[PDB]
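# experimental structure and sequence below.
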Amino acid sequence: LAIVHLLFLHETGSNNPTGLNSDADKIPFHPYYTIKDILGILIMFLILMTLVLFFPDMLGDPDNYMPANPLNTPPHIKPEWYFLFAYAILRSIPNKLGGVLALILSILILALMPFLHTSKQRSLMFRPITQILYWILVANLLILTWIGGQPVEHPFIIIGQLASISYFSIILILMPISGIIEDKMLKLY
Amino acid sequence: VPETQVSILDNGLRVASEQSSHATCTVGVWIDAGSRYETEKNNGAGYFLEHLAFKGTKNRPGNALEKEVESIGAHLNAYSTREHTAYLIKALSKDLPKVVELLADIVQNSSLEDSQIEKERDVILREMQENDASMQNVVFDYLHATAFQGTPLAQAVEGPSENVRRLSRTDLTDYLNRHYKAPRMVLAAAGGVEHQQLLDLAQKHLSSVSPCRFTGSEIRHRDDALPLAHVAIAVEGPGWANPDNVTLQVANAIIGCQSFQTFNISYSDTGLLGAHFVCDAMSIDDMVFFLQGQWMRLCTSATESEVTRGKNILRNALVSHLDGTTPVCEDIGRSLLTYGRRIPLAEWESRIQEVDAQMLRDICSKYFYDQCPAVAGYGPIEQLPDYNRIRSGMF
Ligand code: HEM
């Protein structure tokens, strides 16, 4: 599927952080973004080997080394960090089905993202209000990652419920309205 | 071939001649003065003096100079490079007495009429406004520039319009009085001339005459409306006096997309050795590749046959009485200015026949391989590869 990714992209070329048409300034990839990818590979390997050779269990749950007790269960059960928030979302919706759906939407809301772009500028380099909303979105994504970890009890639950409400309202409502306001400030709208 | 006999006068001016049975003669004055001797405040002084030098001297006010040199039936020419200036005349040998005299006043007591001064300023400026049409000259004047950065060699012979507008008689007078010294001057004659008569005429008239580093670089003047692209790639030429120049000329004779010429421009212990090619944009990359391959090819494919080939083409390039007076004079003037002597064609043939394939690939390997190139492009040059790519032939 990734291979499909690369094809559907070369048809259009990569984007730049200014969000503008970079056709006037393009360079080869072999000597400029290859050695850069090699350096990034080296740094990622440094972080991976200091994760493996020095702290091999800081991200896992010790429970792993317990042969499954078909009979017994871990007093504290938690999905892994990468999905922690995902489940955090579930824990929030009271209805089981609601949780499952919201959970799915959590990932799917992204797909829905290209239809919510209401700005005349592609990137957020020149868009400060939507930058603030984006960093608030990263902030409550980190909050949802933390909540998932926390057990079921006050006030972790309320935060979870709000954090989920704020997540869906920032992605669905606040960013297109902010983009409209930003277009109004530049005398474009 | 008759030998070129050189004498030296009080002033220091040299009087070189190479008698030949042709009937006319090409008598010229060379001067070791170009844009390399200018200091960015008088960057167009030699060019603008080259314009003013035929507009009358005290002795020949107004059109007198052109008139007489016209009446006699002689052709009056002058040119300026980054290192040398030449004022030459081709006339009937019987006109030697006339000729020398006229030339004398051209290089001395030339009276620049400010009236003309203003006029030439306009001429030079306007032409320059159009000199942009000579794409090749453009490409070759940034190549010089991009490579010889922070060095006098960079400044073009013409000079920046700015200076052209901002120039005055006194400045010119300075350049004239500073870079027209008698020890830096050669009176060269080729054709039907006697050396003793020319020496007596030089004694009678003209007896009164009183760093550089190569920087790897690239300049890509992109203008996509032009139909064709001109690209020049060069490395540091050995020099004028360096012996290996000859083994490099043979290498150029081995190489010989489109208009793929090859050049070995030499200045005082420096130079540009490379290739200039004009191609449709879409092929620029490919052409670049080819050129690079050929150079390394010399490093690896100096088939003896081709070695000979190159030697032979070089053998048929040497200038001689057959080529005519001017070509020869010109060679006499440049040889006395650069080498300090006229190298005969037998010495050139000896230096050609001592060149074999092993020393050709040795001299080529020293200069092409692992040598940051100077690239100058003009036109639709987007597919022209960038430096990392160019310098990196990788093959
Ligand atoms: C299987 C996981 C994925 C792999 C291996 C992958 C790999 C790549 C690679 C190699 C590129 C070209 C390099 C680059 O653009 O920086 C790329 C571009 C891109 N990918 Fe992904 N990708 C993955 C998942 C995703 C996902 C989930 C998204 C959407 C959130 C995404 C969005 C993009 C975009 C938008 C570009 C173009 C960005 C640009 O060049 O301006 N990819 N991907």
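Perfect, thanks for sending it. Numbers count the residues shown, from 1 in each chain, chains lettered A, B, ... in the order given.
# look through chain A and tell me its longest helix.
In terms of residue count, the longest helix belonging to chain A (DSSP state H) is helix A:128-149.
# just how off-centre is that helix within its chain?
9 Å (C-alpha atoms, centre = their mean, to the nearest Å).
# and the closest residue to chain A within the stretch 251-395 of chain B, what does it touch?
Using C-beta to the nearest C-beta, the closest approach of the stretch 251-395 of chain B to chain A is made by residue B:388 at 3.9 Å. (Each C-beta comes from the backbone N, C-alpha and C, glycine too.) Neighbouring residues of residue B:388 by C-beta atoms under 8 Å, 6 or more residues apart in numbering or on different chains: A:28, A:31, A:32.
# surely the first one and residue B:392 touch.
Yep, that's residue A:28 we're talking about. No. Assessed by C-beta atoms under 8 Å, residue A:28 is found out of contact with residue B:392, at 10.5 Å.
# could you measure the residue of chain A positioned farthest from its centre against the ligand, distance?
The centre of chain A is farthest from one residue, residue A:71, which by C-alpha atoms, centre = their mean lies 36.1 Å away. Per C-beta to the nearest ligand atom, to the nearest Å, residue A:71 is found 38 Å from the ligand.
# returning to that earlier point: of the contacts of residue B:388, buried ones?
residue A:31 (16 or more other C-beta atoms under 10 Å in any protein chain shown).
# which of the contacts of residue B:388 sits closest to the ligand?
residue A:32 (13.8 Å; C-beta to the nearest ligand atom).
# Three-state assignment for the closest one, please.
coil (DSSP: H, G, I helix; E, B strand; the rest coil).
# run through the residues that contact the residue nearest to residue B:110 when sequence neighbours are not counted.
Once flanking residues are discounted, residue B:110 sits nearest to residue B:57: 4.8 Å by C-beta to C-beta, 6 or more residues apart in numbering or on different chains. By C-beta under 8 Å, 6+ apart, the contact set of residue B:57 is B:65, B:105, B:106, B:109, B:110, B:111.
# which one is the second one nearest to, not counting chain neighbours?
Sequence neighbours aside, residue B:57 is the residue nearest to residue B:105 in space, at 4.1 Å (criterion: C-beta to C-beta, 6+ apart).
# for the helix or strand where residue A:87 lies, packing partners?
Assigned by DSSP states H and E, residue A:87 falls within helix A:81-92. The contact analysis (3 or more C-beta pairs under 8 Å, 6 or more residues apart in numbering or on different chains; DSSP states H and E) places helix A:81-92 against helix A:96-112, helix A:128-149, helix A:156-169.
# tell me the angle the first one makes with helix A:128-149.
Inter-element angle recorded for helix A:96-112 and helix A:128-149: 150 degrees (by axes from the mean of the first three to the mean of the last three C-alpha atoms, to 10 degrees).
# who's in contact with helix A:96-112?
Contacts of helix A:96-112 (C-beta under 8 Å, 6+ apart): A:85-87, A:89-93, A:164, A:167-168, A:171-172.
# nearest to chain B among those residues?
residue A:171 (39.7 Å).
# quick check: the closest one touching residue A:113?
Yes. The criterion here is C-beta under 8 Å, and residue A:171 meets it with residue A:113 at 7.3 Å.
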